[PDB]
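# Observations on chain architecture
As a plain string of letters, each chain reads:
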Amino acid sequence: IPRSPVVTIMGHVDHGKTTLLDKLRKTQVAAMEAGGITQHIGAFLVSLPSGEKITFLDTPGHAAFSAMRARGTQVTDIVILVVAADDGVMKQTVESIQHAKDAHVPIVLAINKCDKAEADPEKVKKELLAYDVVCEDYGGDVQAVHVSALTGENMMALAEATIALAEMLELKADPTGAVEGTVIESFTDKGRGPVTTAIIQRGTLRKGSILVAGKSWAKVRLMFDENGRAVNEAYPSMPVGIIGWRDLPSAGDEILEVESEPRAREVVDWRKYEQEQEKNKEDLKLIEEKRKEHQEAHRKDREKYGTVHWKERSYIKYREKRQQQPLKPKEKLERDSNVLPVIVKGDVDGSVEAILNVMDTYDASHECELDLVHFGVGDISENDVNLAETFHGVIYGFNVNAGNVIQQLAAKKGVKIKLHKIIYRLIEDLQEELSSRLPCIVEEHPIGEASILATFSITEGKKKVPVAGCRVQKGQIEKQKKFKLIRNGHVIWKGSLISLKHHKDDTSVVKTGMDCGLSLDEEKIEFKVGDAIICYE
RNA sequence: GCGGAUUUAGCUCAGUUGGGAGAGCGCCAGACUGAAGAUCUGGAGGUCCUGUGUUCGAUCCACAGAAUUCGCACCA
């Protein structure tokens with residue numbers, strides 16, 4: 001049976017999600033005055049195109065944003081961000097938004113216990129209290145659309161707005177081949193295989209499942225299946241016969257430390273469900289791009305072609321070869337460049353997606369382009385310390401932490417991890433490597449301060465232009481840099497430097513404590529008296 | 001700057017107390033070289049520092065007036 005776009009009521013426990021399901025069971029069936037229920041053991045489930053009162057899944061824990069994945073991104077195509085009508089913001093309510101919108105999963109914020117604030121309101125009538133946890137509008141983002149928790153009402157108005165959000169995403173169902181499904185909640189135990197409650201979104205399960213864990217990936221043998229029925233049964237027999245659009249307790253003892261992020265499927269067909277299996281491990285991720293600065297030299301070949309009698313005989317040949325293809329007589333050997341690209345590691349799915357959204361944007365080399373070359377949801381690894389050492393980068397961790405082996409590897413590489421930064425976001429660091437003083441190249445900045453000694457507009461054994469002698473004591477008063485010389489703060493003149501004319505000494509660069517005469521620009525428009533010459537790139 | 005101070009072929013030098021500018025490298029072939037070409041030779045290049053105290057010879061040193069290397073003034 002084709003699944004309606006499901007919600008789950010994500011958010012903090014008893015922020016109206018837990019209290020929703022417990023009363024939902026009893027209330028909904030009366031409160032609709034209509035049917036269209038597709039109830040399953042998982043929660044209380046009723047289809048989206050019922051003209052009154054609709055709700056879907058419960059995750060009896062808290063979070064369910066990454067738990068409820070499917071083959072487009074989430075299975076909860078519309079997600080409910082559960083805030084309480086009584087009490088605003090709680091932690092998992094805001095994680096649900098980030099993970100969903102950044103992963104392009106439409107969002108309902110259904111501040112639950114809807115009856116209790118804004119007087120049993122509809123979709124667009126709870127807004128004040130609903131916006132307490134952020135709401136936006138339709139699309140992959142969050143519209144405030146409401147479902148209650150202590151009555152079956154307001155849920156009619158869930159249907160209305162929620163479907164228009166749901167439009168963008170939906171991964172349907174079948175009662176055929178192997179199953180697809182995700183975990184609604186899956187309990188975490190090491191050294192035990194605890195049961196996994198799942199929304200089986202598509203396909204048929206008998207009693208076999210496959211899950212990911214905080215241990216390892218494994219393919220469990222279920223002891224039994226137990227499920228509420230939509231109903232259509234592939235097998236009417238004593239428990240088997242799961243279809244898509246079903247919630248299923250998958251009871252299996254080969255289950256590991258399966259998180260609420262994994263999926264619970266089954267594969268016994270791979271001519272359809274392999275292509276659903278792949279896809280339903282994702283809804284955590286996005287993209288980054290950046291580019292790096294390099295070296296090249298067209299001299300290491302053309303210089304070599306020249307005279308010397310062997311090389312001349314070669315030269316007659318080289319010219320002929322060049323005519324055929326320019327790349328043919330080349331004998332260049334230019335090499336090596338480094339900037340500082342970094343490696344990104346993160347652990348919260350909405351967080352990495354957020355970092356990625358900012359990061360992909362930066363790929364423009366103003367004068368440098370610097371961000372991450374690699375990102376992943378994981379832990380710091382051997383690769384990350386290697387990356388830091390090679391480019392002259394550093395390891396950017398969100399809150400991931402570094403294991404024992406990577407730390408040893410880090411020491412050998414002569415680098416050390418930065419993680420748990422505060423703010424934990426890596427985009428600030430990545431944008432510091434980017435631009436900082438890199439696009440400054442005509443901008444003023446003291447980086448070549450010196451004091452003006454004199455000028456030799458007048459004779460000094462040679463009468464010249466307004467050649468200003470200056471004692472360099474910071475950076476370089478050189479003809480490369482520009483200047484703004486300040487009498488004490490009042491600019492005398494500002495321009496570039498294009499002279500080194502003197503009569504005592506002439507030097508390419510006036511550095512350190514050396515005095516050399518250079519007119520600042522060519523001549524000077526006010527000369528003699530002054531103090532600091534800020535040379536600026 | 002000033003100078004000490006060369007003064008003086010393009011520059012450099014000599015011609016010089018005061019009787020031609022000695023010749024040359026940057027022009028130049030021979031020469032040379034393995035050939036090439038400068039050599040050597042001698043010529044192209046002779047502003048005579050500038051112009052002059054000075055001049056039968058001032059072409060010189062020297063000065064009319066000014067420039068400069070840097071000790072020195074400057075150098076702080």
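What counts as what
Residues numbered from 1 in each chain as written, not as in the entry; some residues may be left out. Chains lettered and ligands numbered in written order. Heavy atoms only, no water. Pairing = 2+ DSSP bridges. Helix = DSSP H or I, 4+ residues; strand = E, 2+ residues; numbered from the N terminus. Contact = heavy atoms within 4.5 Å. Axes fitted to C-alpha atoms, helices over the stretch in contact; angles between N-to-C directions. Domains from an automatic or database assignment. Expected span 1.5 Å × (residues − 1). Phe/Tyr/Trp six-rings, centres within 6.5 Å; stacked < 30°, edge-to-face > 60°. Buried < 20%, exposed > 50% of the residue type's maximum accessible area, 1.4 Å probe, protein only. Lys NZ or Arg CZ within 6 Å of the ring centre and 35° of its normal. Disulfide = S-S within 2.5 Å. UniProt positions renumbered as here; feature names shortened; annotations may be inferred. Core = buried A, V, L, I, M, F, W, Y, C linked by side-chain atoms within 4.5 Å. Salt bridge = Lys/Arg side-chain N within 4 Å of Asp/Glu carboxyl O.

Structure determination for this PDB entry is given in the record as cryo-EM, at a resolution of 10.8 Å.

Once that is clear, we can look at the sheet that holds strand 5 (residues 142-144). The strand order across the open sheet formed by 5 strands is 2-1-3-4-5, and the pairing between neighbours is parallel. Edge positions in the open sheet fall to strand 2 (57-58) and strand 5, since each of these has one partner strand only. Running over the sheet, helix 1 (residues 17-31) touches strand 1 (8-11), strand 2 and strand 3 (79-82) and is turned about 155 degrees from strand 1. Packing of helix 4 (residues 156-166) onto the sheet brings it into contact with strand 3, strand 4 (107-109) and strand 5, and relative to strand 4 it is tilted by some 150 degrees.

Within the fold, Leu128 resides in helix 3 (residues 127-130). A C-alpha to C-alpha distance of 9.7 Å links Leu128 and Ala144, two positions 16 residues apart in sequence.

Here the focus is the domain arrangement of chain A. Looking at chain A, the domain boundaries give domain 1 (8-166), domain 2 (179-281), domain 3 (343-434) and domain 4 (449-536). Of note, the centres of domain 1 and domain 4, computed from C-alpha atoms alone, are 71 Å apart.

This part takes up helix 2 (residues 91-102). Along its 12 residues, helix 2 runs 18 Å from first to last C-alpha, staying within 8% of the 16 Å computed at 1.5 Å per residue. Those residues of helix 2 hidden inside the fold are in contact with strand 1, strand 3, strand 4, strand 5 and helix 8 (349-361). One or two steps after helix 2, the chain reaches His104, where phi turns positive at roughly 65 degrees.

Counted according to the given criterion, the structure contains 4 aromatic pairs. Ring geometry for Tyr305 and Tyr318: centres 4.6 Å apart, planes at 35 degrees, overall tilted. Of the two residues, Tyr305 sits in helix 6 (residues 302-305) while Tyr318 sits in helix 7 (residues 309-324), which places them 13 residues apart along the sequence. Between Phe483 and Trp493, the ring centres sit 5.8 Å apart and the planes meet at 80 degrees, which makes this aromatic pair edge-to-face. Here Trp493 lies in strand 17 (residues 491-496) and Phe483 lies in strand 16 (residues 482-486), a separation of 10 residues in the sequence. The exposure class of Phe483 is buried, given its relative accessible area of 0%. On the basis of relative accessible area, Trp493 is assigned to the partly exposed category, the value being 22%. The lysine or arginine in question, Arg313, covers the ring of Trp310, its NZ or CZ lying 4.2 Å from the ring centre.

What follows deals with the state of the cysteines. All told, the structure shown has 0 disulfides when counted by the stated rule. Considering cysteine sulfurs only, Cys135 is the nearest to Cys114, which forms no disulfide, with 12 Å between them.

What follows is about the UniProt feature "domain: tr-type G" in chain A. UniProt annotation of "domain: tr-type G" refers to residues 2-172 when read in the numbering used here. Measuring from the first to the last C-alpha atom of residues 2-172 gives 5 Å, for a span that is 25% helix and 9% strand.

On to the nonpolar core. Counting residues in each nonpolar core, the largest one holds 74 residues, and the members touching the most others are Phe56, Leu57, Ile80, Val108, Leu109, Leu158 and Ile199. In terms of residue count, helix 4 provides more of this core than any other element does, 5 residues in total. Each of domain 1 (8-166) and domain 2 (179-281) accounts for three or more of the residues forming this core. Not counting residues up to four positions away in its chain, the partners in contact with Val108 are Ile78, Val79, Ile80, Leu81, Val142, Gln143, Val145, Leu158, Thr162 and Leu165.

One open sheet accounts for 6 strands, arranged 17-16-20-13-14-19; its pairing is antiparallel. Unpaired on one side and paired on the other, strand 17 and strand 19 (515-519) mark the two borders of the sheet. Across the sheet, the axes of successive neighbouring strands diverge by a mean angle of 30 degrees, strand direction being ignored. Judged from the 5 bridges that link them, strand 14 (residues 467-472) and strand 19 form a sheet pairing that is antiparallel. Bridge pairing links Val467 to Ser519 in strand 19.

This next bit is on the pattern of salt bridges. On inspection of all chains with the given rule, the structure shows 35 salt bridges. Two residues, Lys190 and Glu257, come together in a salt bridge whose shortest N-O distance is 3.1 Å. Linking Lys190 in the loop between strand 6 (179-186) and strand 7 (196-203) with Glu257 in the loop between strand 10 (246-252) and helix 5 (274-277), this pair joins segments that are 67 residues apart in sequence. Several salt bridges share partner residues, and in doing so they unite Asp174, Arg202, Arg265, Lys272 and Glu276 into one network.

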